[PDB]
Amino acid sequence: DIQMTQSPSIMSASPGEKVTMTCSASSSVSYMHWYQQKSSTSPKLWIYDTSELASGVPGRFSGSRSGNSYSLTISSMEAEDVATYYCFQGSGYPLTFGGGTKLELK
Amino acid sequence: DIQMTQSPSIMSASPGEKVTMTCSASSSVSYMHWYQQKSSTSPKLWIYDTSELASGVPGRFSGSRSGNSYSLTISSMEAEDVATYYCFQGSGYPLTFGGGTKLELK
Amino acid sequence: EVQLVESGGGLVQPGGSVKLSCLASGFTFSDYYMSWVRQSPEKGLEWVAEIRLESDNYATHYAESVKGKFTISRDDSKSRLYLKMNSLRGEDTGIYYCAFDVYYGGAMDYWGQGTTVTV
Amino acid sequence: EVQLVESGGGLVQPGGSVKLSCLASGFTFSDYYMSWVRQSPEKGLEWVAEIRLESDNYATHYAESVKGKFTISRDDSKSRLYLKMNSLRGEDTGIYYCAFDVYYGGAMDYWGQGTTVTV
Amino acid sequence: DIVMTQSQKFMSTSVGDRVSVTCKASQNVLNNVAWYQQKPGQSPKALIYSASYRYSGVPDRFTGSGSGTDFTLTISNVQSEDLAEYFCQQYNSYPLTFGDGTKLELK
Amino acid sequence: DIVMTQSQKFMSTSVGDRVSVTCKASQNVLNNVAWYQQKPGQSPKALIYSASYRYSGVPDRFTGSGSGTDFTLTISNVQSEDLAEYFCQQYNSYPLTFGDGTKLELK
Amino acid sequence: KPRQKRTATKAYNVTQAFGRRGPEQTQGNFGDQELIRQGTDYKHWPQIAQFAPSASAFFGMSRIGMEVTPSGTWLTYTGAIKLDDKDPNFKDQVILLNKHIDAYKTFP
Amino acid sequence: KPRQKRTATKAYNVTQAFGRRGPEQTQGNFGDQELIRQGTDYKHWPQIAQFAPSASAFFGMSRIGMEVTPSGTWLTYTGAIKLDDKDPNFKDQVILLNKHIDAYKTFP
Amino acid sequence: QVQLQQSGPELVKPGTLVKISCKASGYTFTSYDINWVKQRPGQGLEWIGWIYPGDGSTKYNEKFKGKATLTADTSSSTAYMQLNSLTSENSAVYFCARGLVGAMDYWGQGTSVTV
Amino acid sequence: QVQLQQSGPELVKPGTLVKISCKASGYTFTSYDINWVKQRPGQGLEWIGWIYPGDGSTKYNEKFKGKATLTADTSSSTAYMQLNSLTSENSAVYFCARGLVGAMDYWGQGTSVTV
């Protein structure tokens, strides 16, 4: 079994300021994906294969892989980015989502 | 173990015509290197591996790999091509040269 | 071309059974796998279970949090996915989504609307 | 640069023994193969033998018709190749050449001048 | 479900000429289509696969070209042994279609 | 054989400034060169390999660049512990031919 | 295991180990609906597996280069393998290597 | 055997089976002065061959394409394999790979 | 060479179950896939399905699900088909051919049904 | 940590054979090469050669062929160098070092020889 944890939980943000969210994971994680959910809407895919942005995703976002720790780096904060972001695994059958990080403003 | 025989013994030629020389190979020779010797001089190399023209050569010549039979096509004849021409192996240790083809003019 | 819709919810008495259904229209349904995902205010999102094609004898796989008390079935003719439940303890409250991906392998990019289940 | 020079030939009576030489200057002779190629007015070019590097215990490899009566040895210090002959019959008439390749194997590109041996 | 449509249900021609038919596909099907011939009252025989290559036994003068949408079969020097019906099949998304039919006649 | 020539047999500089050396090769050595540092008395360590990579322990102040003939390095800031001799080698042809010697003194 | 020596089976789906197929340079191109699921268990795999380079052949035939960016270091390979036109299996490989090449544009 | 599945050794020299190394598109460029001679017997072979793609990796990562000319068919393979930067053997692999790529320009 | 012999004509009463057989030979049976197709008089061809005599995989088309039931017999390299619609709307002929991934390579004389 | 010890200073009479020792540790001995270099006081470095302990292969530079001789001892991961040409021209220091084929990684202390 694999247990994963997102380090920030209620991290705040300011316009234009860079935002960083780190998802820890165990081994065997091939390519961690990132989804985003807003208030009262269906979840959408935003990062797949840890590097590739999805369809419609603005070029602001970009992923990284520092060893076993994966990271999402919001280049500049915009009004259209206040939502919950959650990490997802895809290798093992016991799939497990992260804990979610709720990004607010200042 | 290996026997190689060039088909034309003494083939005549005319200026601007097409020349075809055929070397057979009753073996599994990977690439058939291909040499040329003129009268009273040191032999020189003319085809590297069954297709490639050598260093310092007109682009007239071109090799082929029609099955176990190998061939050289001379596009147009010229005064600079009256010599002997030999096929050479080099896959197996018991190396064997061909019989040679003597291209004369008409 | 692709659009999912799920229903079958409603108030459930503690310990009862409810059979959520998901209907798909606009693609070859017996070509792709599907899974279910919960959504609760506290525990966020958690994976319920996924199902595989008819080729592998309708192979299933269920999450460890609920090994029993759940069963995914998939009829191929009517093109639906059924999520049968049993003994709903007072923890499974919130929305349920039915999601699938085109490039087989968890990258879910076709979600639905949501079915509300309350104990 | 590369320039091979070979000598040592001459008139030899049947049953005699000669010793051709092959001196090279301009490249690291201790890091390449080398072989001999004979020529006759009738039988064309035939392969005599080759020699390999010091790594493989100075391995040798001779042709079929001339399997015996010939011996290739190579001293690396003076940078020469020696081809010793014994009991030369009437078939060994004509010009002998040294030949070594840069890309180890097959295509011989750096030839020499020629050494004349007559029975 | 992909639909493959033709035109010219009847198309006569002359002997020893250049005739070519067309076959447009609704959804993009890359380059995986195949052309088939069938003489009346006999089983079909495969003409061209992969839209460019020719089967063994199939003579020359039967060429194919196209990619994606408009696939074309070109026959040169039409001879007597060509009066038949010609079809095209797609192979990208099961289920498979076979076109409608192109009769090749004389005039 | 290959000869690697390095001029400026004596170079001085200030503290924390940008200083660079130059080492030209006769034949093409592709990108297979490496620099080394030796302080007076002690044995030399290893600074840069493959002309654009640092070993483990070398501070990031050191960097290198170049390809083919004009291989060079650059020290970002001259510190006290960088008073030594620096060499550049040729790991391609076999006669390895280490090259001359340069120094980086103060002023 | 490093990503360049991972076998794809019914457990590790092809998109689950080699990433999703797409147009990007890093992303792969080969594969159709059946192959990305069955993996090496695909019924006509050996026939398309007769083109997989061996350990030595890959280095011996392909052109290799090293490209370095602030992102890291990459090995770039440019290969070219000819297909025999005399073997009877010639009309067995073109179809297989056409149904699967550039097939990501056809997925819904 | 086909050209894409030949193993090189001290009997079949790399230049004897994979073709003479050169600058042309078809020909390769790896090997410096010894890999083309010893072959898989090269004393530092495994550390280089760990970058050799497996059967499912070559057809799972490369941008495969098919080119048709009057000469015949050709399978074109572009690829990119990333080398990690944390494992110590990193400072064992950049040295070897640089001292063998594009080394045909260094022969006399 | 490669030949796929099929049975002869068959005149049957409505609803009465049918069985159309085709025996393969001259090639490795479990190396290629056998498919079927129908051809109404005047209309065009339309796919039915294929069967591979390995794992017994069989992927029908949407229209003819449940209407046709393919089988395999590796003992004599024979594949046959059972149809159960027989509504005077499928009064046609059927062709049992081969194929790698769907591209039909060879064919056979076929059969002919009549309600 | 990877370290490479070497013997101390030696003062020898002309013509006498000189043996220099270089012991390794904390490293798979058959996984690298032990090479040697010379450094006359004032002059620059120059190559001598390496020895691979496994195959015993030895490649010398042109100048020192027949002058120095290397050897290997897999028993204690120690390599020795024998100098048999020293007359008056080699009052210098020698550096036993390591490294893959080509470049040199971490070095050793070395030792000085004066006639």
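Everything in this summary refers to the structure shown in the same document. (Residues numbered from 1 in each chain as written, not as in the entry; some residues may be left out. Chains lettered and ligands numbered in written order. Heavy atoms only, no water.)

**Here we look at the interface of chain G and chain H**
Consideration 1: Listed per partner, the contact involves 52 residues of chain G and 53 residues of chain H.
Consideration 2: A combined buried area of about 5300 Å² lies between chain G and chain H, and 62% of that area is made up of carbon and sulfur atoms.
Consideration 3: The largest share of the area that chain G buries against chain H comes from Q4, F59 and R63 of chain G, three residues that together contribute 14% of it.
Consideration 4: Linking chain G with chain H are 0 salt bridges.
Consideration 5: The tally of links between chain G and chain H comes to 16 residue pairs in polar contact.
Consideration 6: Elements with a contribution of two residues or more to the side of chain G that touches chain H: helix 3 (45–49), helix 4 (55–61), strand 1 (63–69), strand 2 (72–82) and helix 5 (90–99) of chain G.
Consideration 7: Sort the elements by how many residues they give to the side of chain G that touches chain H and strand 2 of chain G lands first, with 10 residues.
Consideration 8: For the side of chain G that touches chain H, the residue count by class is 26 nonpolar, 19 polar and 7 charged.
Consideration 9: Summarising the sheet, strand 2 of chain G and strand 2 (residues 72–83) of chain H pair through 10 bridges and their orientation is antiparallel. (Contact = heavy atoms within 4.5 Å. Buried area = accessible area lost by both parts, 1.4 Å probe. Salt bridge = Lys/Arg side-chain N within 4 Å of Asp/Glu carboxyl O. Polar contact = N/O pair within 3.5 Å; in protein donor to acceptor, adjacent residues only side chain to side chain. Helix = DSSP H or I, 4+ residues; strand = E, 2+ residues; numbered from the N terminus. Nonpolar A, V, L, I, M, F, W, Y, C, P; charged D, E, K, R; others polar. Pairing = 2+ DSSP bridges.)

**Section: the arrangement of the chains**
Consideration 1: Between all 19 pairs of chains that are in contact, chains G and H come out with the most contacts.
Consideration 2: What separates chain E from chain F at the closest point of their C-alpha atoms is a distance of 43 Å, and the two make no contact.
Consideration 3: Nothing in chain H touches chain I, and the closest approach of their C-alpha atoms is 18 Å.

**Some points on the packing of aromatic side chains**
Consideration 1: What the rule picks out here adds up to 59 aromatic pairs over all chains.
Consideration 2: Seen in terms of ring centroids, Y35 of chain A and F97 of chain A are 6.5 Å apart; in terms of plane orientation they differ by 65°. Their pairing is edge-to-face. Separated by 62 residues along the polypeptide, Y35 of chain A in strand 3 (residues 33–37) and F97 of chain A in the loop between strand 8 (84–88) and strand 9 (101–102) bring together distant segments of the chain.
Consideration 3: Judged by relative accessible area, which is 0%, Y35 of chain A ranks as buried.
Consideration 4: Chaining the aromatic ring pairs together yields one cluster made of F30, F58, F59 and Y77 of chain G together with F30, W45, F58, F59 and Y77 of chain H.
Consideration 5: Positioned above the aromatic ring of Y48 of chain B is the side chain of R20 of chain H, whose terminal nitrogen or guanidinium carbon lies 3.7 Å from the ring centre.
Consideration 6: The side chain of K43 of chain H reaches across the aromatic face of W50 of chain J, ending 3.7 Å from its centre. (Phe/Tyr/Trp six-rings, centres within 6.5 Å; stacked < 30°, edge-to-face > 60°. Buried < 20%, exposed > 50% of the residue type's maximum accessible area, 1.4 Å probe, protein only. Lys NZ or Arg CZ within 6 Å of the ring centre and 35° of its normal.)

**Comments concerning the state of the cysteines**
In a disulfide, the sulfur atoms of two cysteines are covalently bonded to one another.
Consideration 1: Using the criterion set out here, one finds 4 disulfides over all chains in the structure.
Consideration 2: Disulfide partner of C23 of chain A: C87 of chain A, at an S-S distance of 2.0 Å. Here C23 of chain A and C87 of chain A share a disulfide; its torsion about the S-S bond, 90°, makes the bridge right-handed. Of the two residues, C23 of chain A sits in strand 2 (residues 19–24) while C87 of chain A sits in strand 8, which places them 64 residues apart along the sequence. A single burial state applies to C23 of chain A and to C87 of chain A, both of which are buried.
Consideration 3: Two residues, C22 of chain D and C98 of chain D, share a disulfide whose sulfurs are 2.0 Å apart. Separated by 76 residues along the polypeptide, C22 of chain D in strand 2 (residues 19–25) and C98 of chain D in strand 8 (residues 94–100) bring together distant segments of the chain. (Disulfide = S-S within 2.5 Å.)

**With respect to unusual backbone geometry**
Consideration 1: In this structure, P95 of chain E follows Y94 of chain E across a cis peptide bond, with omega equal to 25°.
Consideration 2: You will see that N57 of chain D, though not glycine, has its phi angle at about 50°, which is positive.
Consideration 3: Overall, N57 of chain D belongs to the exposed group, its relative accessible area being 70%.
Consideration 4: Non-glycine residue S77 of chain I carries a positive phi angle of around 55°.
Consideration 5: Mapped onto the secondary structure, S77 of chain I falls in the loop between strand 7 (68–70) and strand 8 (78–83).

**Focus: the nonpolar core**
Consideration 1: Grouped together as the largest cluster of nonpolar side chains are 166 residues, with contacts concentrated most on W36 and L81 of chain C, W35 of chain E, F98 of chain F, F59 of chain G together with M104 of chain J.
Consideration 2: Residues in contact with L81 of chain C, not counting those within four places in the same chain, are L20, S21, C22, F29, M34, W36, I51, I72, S73, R74 and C98 of chain C.
Consideration 3: Formed by 56 residues, the second largest nonpolar core is a distinct cluster that contains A24, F100 and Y104 of chain D together with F18 of chain H. (Core = buried A, V, L, I, M, F, W, Y, C linked by side-chain atoms within 4.5 Å.)

Keep in mind that these numbers describe shape and distance, not what the molecule does.
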